[PDB]
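Next comes query_30.cif, a file with mmCIF, N, CA and C atoms.
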```cif
data_protein
loop_
_atom_site.label_atom_id
_atom_site.label_comp_id
_atom_site.auth_asym_id
_atom_site.auth_seq_id
_atom_site.Cartn_x
_atom_site.Cartn_y
_atom_site.Cartn_z
N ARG F 1 0.86 -1.21 0.00
CA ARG F 1 0.00 0.00 0.00
C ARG F 1 0.88 1.25 0.00
N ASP F 2 1.99 1.24 0.77
CA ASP F 2 2.97 2.37 0.81
C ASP F 2 3.64 2.52 -0.57
N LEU F 3 4.04 1.40 -1.19
CA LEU F 3 4.69 1.40 -2.55
C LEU F 3 3.68 1.89 -3.59
N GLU F 4 2.43 1.47 -3.50
CA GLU F 4 1.35 1.89 -4.43
C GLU F 4 1.12 3.39 -4.29
N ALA F 5 1.15 3.92 -3.05
CA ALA F 5 1.02 5.38 -2.77
C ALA F 5 2.23 6.14 -3.32
N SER F 6 3.45 5.59 -3.19
CA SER F 6 4.70 6.20 -3.73
C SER F 6 4.61 6.21 -5.25
N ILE F 7 4.11 5.11 -5.87
CA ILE F 7 3.98 5.00 -7.36
C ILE F 7 2.97 6.05 -7.81
N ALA F 8 1.84 6.21 -7.08
CA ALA F 8 0.78 7.18 -7.48
C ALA F 8 1.32 8.60 -7.36
N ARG F 9 2.10 8.89 -6.29
CA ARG F 9 2.69 10.23 -6.05
C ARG F 9 3.71 10.54 -7.14
N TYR F 10 4.53 9.55 -7.52
CA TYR F 10 5.54 9.72 -8.58
C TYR F 10 4.86 9.94 -9.92
N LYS F 11 3.78 9.18 -10.19
CA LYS F 11 2.98 9.31 -11.45
C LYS F 11 2.35 10.71 -11.52
N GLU F 12 1.86 11.23 -10.38
CA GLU F 12 1.29 12.61 -10.30
C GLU F 12 2.39 13.64 -10.58
N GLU F 13 3.59 13.46 -9.99
CA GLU F 13 4.76 14.37 -10.19
C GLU F 13 5.14 14.37 -11.66
N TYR F 14 5.13 13.18 -12.31
CA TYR F 14 5.49 13.05 -13.74
C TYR F 14 4.44 13.75 -14.62
N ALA F 15 3.14 13.58 -14.34
CA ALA F 15 2.02 14.24 -15.09
C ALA F 15 2.17 15.74 -14.89
N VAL F 16 2.57 16.19 -13.69
CA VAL F 16 2.83 17.64 -13.42
C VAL F 16 4.05 18.09 -14.23
N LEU F 17 5.15 17.32 -14.25
CA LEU F 17 6.39 17.61 -14.99
C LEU F 17 6.13 17.59 -16.49
N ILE F 18 5.19 16.77 -16.94
CA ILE F 18 4.81 16.69 -18.39
C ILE F 18 3.94 17.89 -18.76
N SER F 19 3.00 18.28 -17.88
CA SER F 19 2.13 19.46 -18.11
C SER F 19 3.00 20.72 -18.14
N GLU F 20 3.97 20.84 -17.21
CA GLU F 20 4.87 22.01 -17.15
C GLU F 20 5.72 22.05 -18.41
N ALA F 21 6.19 20.88 -18.86
CA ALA F 21 7.00 20.77 -20.11
C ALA F 21 6.16 21.25 -21.29
N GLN F 22 4.89 20.83 -21.39
CA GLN F 22 4.01 21.20 -22.54
C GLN F 22 3.79 22.72 -22.56
N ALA F 23 3.69 23.36 -21.37
CA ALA F 23 3.57 24.85 -21.28
C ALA F 23 4.88 25.49 -21.73
N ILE F 24 6.02 24.94 -21.29
CA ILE F 24 7.36 25.41 -21.70
C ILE F 24 7.56 25.20 -23.18
N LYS F 25 7.03 24.08 -23.73
CA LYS F 25 7.18 23.75 -25.19
C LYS F 25 6.35 24.71 -26.02
N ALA F 26 5.11 24.99 -25.58
CA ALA F 26 4.19 25.88 -26.36
C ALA F 26 4.74 27.30 -26.28
N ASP F 27 5.34 27.67 -25.14
CA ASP F 27 5.94 29.01 -24.90
C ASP F 27 7.15 29.11 -25.84
N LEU F 28 7.93 27.99 -25.92
CA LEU F 28 9.13 27.90 -26.79
C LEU F 28 8.71 27.97 -28.25
N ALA F 29 7.63 27.29 -28.67
CA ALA F 29 7.14 27.25 -30.08
C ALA F 29 6.67 28.64 -30.48
N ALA F 30 6.03 29.35 -29.52
CA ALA F 30 5.64 30.77 -29.78
C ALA F 30 6.89 31.65 -29.89
N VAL F 31 7.88 31.43 -29.03
CA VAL F 31 9.13 32.27 -28.96
C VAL F 31 9.97 31.99 -30.21
N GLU F 32 9.89 30.76 -30.74
CA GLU F 32 10.61 30.39 -32.00
C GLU F 32 9.86 30.92 -33.22
N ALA F 33 8.54 30.67 -33.21
CA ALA F 33 7.74 31.16 -34.35
C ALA F 33 8.19 32.60 -34.39
N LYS F 34 8.24 33.25 -33.22
CA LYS F 34 8.75 34.63 -33.21
C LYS F 34 10.17 34.62 -33.71
N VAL F 35 11.07 33.74 -33.27
CA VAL F 35 12.45 33.87 -33.76
C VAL F 35 12.51 33.72 -35.25
N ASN F 36 11.90 32.68 -35.78
CA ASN F 36 12.11 32.44 -37.22
C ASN F 36 11.48 33.55 -38.03
N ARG F 37 10.26 33.93 -37.64
CA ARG F 37 9.58 34.95 -38.43
C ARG F 37 10.32 36.27 -38.30
N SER F 38 10.88 36.59 -37.11
CA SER F 38 11.68 37.83 -36.90
C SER F 38 12.97 37.84 -37.71
N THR F 39 13.61 36.68 -37.88
CA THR F 39 14.79 36.65 -38.80
C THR F 39 14.30 36.89 -40.24
N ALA F 40 13.31 36.12 -40.67
CA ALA F 40 12.75 36.26 -42.03
C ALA F 40 12.18 37.69 -42.22
N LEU F 41 11.51 38.28 -41.21
CA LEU F 41 11.00 39.70 -41.28
C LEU F 41 12.19 40.62 -41.59
N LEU F 42 13.27 40.39 -40.87
CA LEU F 42 14.45 41.20 -41.13
C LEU F 42 14.99 40.96 -42.51
N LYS F 43 15.00 39.68 -42.93
CA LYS F 43 15.37 39.51 -44.36
C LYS F 43 14.50 40.40 -45.30
N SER F 44 13.19 40.43 -45.03
CA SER F 44 12.32 41.37 -45.78
C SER F 44 12.69 42.84 -45.59
N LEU F 45 12.90 43.28 -44.36
CA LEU F 45 13.20 44.71 -44.12
C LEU F 45 14.45 45.03 -44.95
N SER F 46 15.49 44.18 -44.92
CA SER F 46 16.75 44.53 -45.62
C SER F 46 16.46 44.61 -47.11
N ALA F 47 15.66 43.69 -47.66
CA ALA F 47 15.34 43.73 -49.10
C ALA F 47 14.65 45.05 -49.41
N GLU F 48 13.70 45.46 -48.58
CA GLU F 48 13.06 46.77 -48.79
C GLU F 48 14.07 47.91 -48.71
N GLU Q 1 12.24 67.00 -52.59
CA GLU Q 1 11.32 66.55 -51.54
C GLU Q 1 11.24 65.03 -51.51
N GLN Q 2 11.12 64.41 -52.68
CA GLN Q 2 11.03 62.95 -52.72
C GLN Q 2 12.32 62.29 -52.23
N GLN Q 3 13.48 62.83 -52.62
CA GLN Q 3 14.74 62.25 -52.18
C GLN Q 3 14.92 62.39 -50.67
N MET Q 4 14.55 63.55 -50.12
CA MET Q 4 14.64 63.73 -48.67
C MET Q 4 13.71 62.77 -47.94
N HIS Q 5 12.49 62.58 -48.46
CA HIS Q 5 11.56 61.65 -47.84
C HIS Q 5 12.09 60.22 -47.89
N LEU Q 6 12.52 59.88 -49.10
CA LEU Q 6 13.08 58.53 -49.19
C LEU Q 6 14.24 58.45 -48.22
N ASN Q 7 15.12 59.45 -48.16
CA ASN Q 7 16.27 59.31 -47.24
C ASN Q 7 15.79 59.27 -45.79
N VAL Q 8 14.82 60.12 -45.47
CA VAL Q 8 14.26 60.10 -44.09
C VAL Q 8 13.60 58.74 -43.84
N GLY Q 9 12.92 58.22 -44.85
CA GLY Q 9 12.29 56.91 -44.72
C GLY Q 9 13.30 55.81 -44.50
N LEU Q 10 14.43 55.85 -45.21
CA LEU Q 10 15.49 54.86 -44.99
C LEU Q 10 16.03 54.98 -43.57
N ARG Q 11 16.19 56.21 -43.08
CA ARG Q 11 16.66 56.37 -41.68
C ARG Q 11 15.67 55.71 -40.72
N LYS Q 12 14.39 55.93 -40.94
CA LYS Q 12 13.38 55.35 -40.02
C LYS Q 12 13.34 53.84 -40.16
N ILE Q 13 13.54 53.35 -41.38
CA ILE Q 13 13.57 51.88 -41.59
C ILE Q 13 14.77 51.27 -40.89
N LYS Q 14 15.92 51.94 -40.94
CA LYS Q 14 17.07 51.41 -40.19
C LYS Q 14 16.77 51.44 -38.69
N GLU Q 15 16.09 52.49 -38.23
CA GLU Q 15 15.71 52.55 -36.80
C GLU Q 15 14.80 51.38 -36.42
N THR Q 16 13.83 51.09 -37.27
CA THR Q 16 12.92 49.96 -37.00
C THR Q 16 13.67 48.64 -37.08
N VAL Q 17 14.62 48.53 -37.99
CA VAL Q 17 15.47 47.31 -38.04
C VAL Q 17 16.21 47.17 -36.73
N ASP Q 18 16.74 48.26 -36.19
CA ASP Q 18 17.41 48.18 -34.88
C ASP Q 18 16.42 47.74 -33.80
N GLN Q 19 15.20 48.26 -33.83
CA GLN Q 19 14.22 47.85 -32.81
C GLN Q 19 13.89 46.37 -32.92
N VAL Q 20 13.64 45.89 -34.13
CA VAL Q 20 13.22 44.48 -34.26
C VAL Q 20 14.42 43.58 -33.98
N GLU Q 21 15.62 43.95 -34.45
CA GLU Q 21 16.75 43.04 -34.20
C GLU Q 21 16.96 42.93 -32.69
N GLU Q 22 16.81 44.05 -31.98
CA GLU Q 22 16.95 43.94 -30.50
C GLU Q 22 15.86 43.01 -29.96
N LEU Q 23 14.64 43.13 -30.45
CA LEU Q 23 13.57 42.20 -29.96
C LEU Q 23 13.86 40.77 -30.39
N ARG Q 24 14.32 40.56 -31.64
CA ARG Q 24 14.54 39.21 -32.18
C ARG Q 24 15.67 38.56 -31.45
N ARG Q 25 16.77 39.31 -31.29
CA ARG Q 25 17.93 38.65 -30.67
C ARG Q 25 17.53 38.21 -29.27
N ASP Q 26 16.79 39.06 -28.56
CA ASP Q 26 16.37 38.74 -27.17
C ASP Q 26 15.30 37.65 -27.22
N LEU Q 27 14.42 37.70 -28.23
CA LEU Q 27 13.39 36.64 -28.44
C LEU Q 27 14.07 35.30 -28.76
N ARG Q 28 15.11 35.29 -29.59
CA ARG Q 28 15.87 34.05 -29.96
C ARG Q 28 16.62 33.51 -28.74
N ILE Q 29 17.26 34.38 -27.95
CA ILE Q 29 18.04 33.99 -26.73
C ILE Q 29 17.06 33.37 -25.72
N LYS Q 30 15.87 34.00 -25.53
CA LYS Q 30 14.85 33.49 -24.56
C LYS Q 30 14.37 32.15 -25.06
N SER Q 31 14.10 32.01 -26.38
CA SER Q 31 13.61 30.74 -26.99
C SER Q 31 14.65 29.63 -26.79
N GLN Q 32 15.94 29.94 -26.97
CA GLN Q 32 17.05 28.95 -26.80
C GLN Q 32 17.20 28.53 -25.35
N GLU Q 33 17.17 29.49 -24.43
CA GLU Q 33 17.20 29.23 -22.96
C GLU Q 33 16.00 28.38 -22.53
N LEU Q 34 14.80 28.64 -23.06
CA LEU Q 34 13.54 27.91 -22.70
C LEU Q 34 13.64 26.50 -23.28
N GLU Q 35 14.17 26.33 -24.50
CA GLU Q 35 14.36 25.00 -25.09
C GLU Q 35 15.35 24.18 -24.26
N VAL Q 36 16.51 24.74 -23.86
CA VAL Q 36 17.52 24.00 -23.03
C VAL Q 36 16.87 23.63 -21.69
N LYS Q 37 16.09 24.57 -21.12
CA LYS Q 37 15.43 24.30 -19.80
C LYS Q 37 14.36 23.23 -19.99
N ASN Q 38 13.65 23.30 -21.13
CA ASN Q 38 12.62 22.26 -21.47
C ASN Q 38 13.33 20.92 -21.64
N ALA Q 39 14.44 20.87 -22.39
CA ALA Q 39 15.21 19.62 -22.68
C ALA Q 39 15.73 19.04 -21.36
N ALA Q 40 16.18 19.88 -20.43
CA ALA Q 40 16.66 19.45 -19.09
C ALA Q 40 15.51 18.84 -18.30
N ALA Q 41 14.34 19.52 -18.22
CA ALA Q 41 13.14 19.05 -17.46
C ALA Q 41 12.64 17.75 -18.10
N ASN Q 42 12.78 17.58 -19.43
CA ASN Q 42 12.39 16.32 -20.12
C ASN Q 42 13.30 15.19 -19.65
N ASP Q 43 14.63 15.40 -19.64
CA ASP Q 43 15.62 14.35 -19.23
C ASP Q 43 15.39 13.98 -17.77
N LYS Q 44 15.15 14.98 -16.89
CA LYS Q 44 14.92 14.72 -15.44
C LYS Q 44 13.61 13.96 -15.27
N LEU Q 45 12.58 14.35 -16.04
CA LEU Q 45 11.23 13.70 -16.00
C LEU Q 45 11.35 12.27 -16.50
N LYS Q 46 12.17 12.00 -17.54
CA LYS Q 46 12.40 10.63 -18.07
C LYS Q 46 13.14 9.79 -17.03
N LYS Q 47 14.13 10.39 -16.36
CA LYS Q 47 14.90 9.67 -15.30
C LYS Q 47 13.94 9.31 -14.16
N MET Q 48 13.06 10.24 -13.76
CA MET Q 48 12.07 10.01 -12.66
C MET Q 48 11.07 8.98 -13.16
#
```
Target encoding structure tokens, full file:
Amino acid sequence: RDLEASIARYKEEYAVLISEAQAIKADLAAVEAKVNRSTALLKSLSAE
Amino acid sequence: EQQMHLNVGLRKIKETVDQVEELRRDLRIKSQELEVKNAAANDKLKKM
């Protein structure tokens, strides 16, 4: 019962670590979409 | 008048390029730091 409670607590910590990662990943995908588009935007500004 | 405007416009475009490059470089650095932190939290979460 103690091991089952430790397994459930670890599984909850992992689901929390996975949810936090998905927020960090979506934040990163927005920050990159920004990075790539900002480099390409600058390629446009220089052409203009 | 047209040459002065175009020249003034080029000055303002260079100013805007400076503004976006400062945002992009900082946006790219934040995106890279968030990806390394995400990659670290993924490895720790996989180990757990």
Any chance you could resolve the PyMOL selection byres ((chain Q) within 6 of (chain F)) against this file and give the residues as an MDAnalysis selection string?
-> chainID Q and resid 24 27:28 31 34:35 38
For atom CA of residue Q:20 and atom CA of residue F:44, the interatomic separation in Å (one decimal) | 12.0 Å
Atom C of residue Q:16 to atom C of residue Q:3, straight-line distance in Å |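 Computing it gives 19.4 Å between the two atoms.
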In Å to one decimal, how far is atom N of residue Q:39 from atom CA of residue F:12?
->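 Taking atom CA of residue F:12 and atom N of residue Q:39, their separation equals 19.7 Å.
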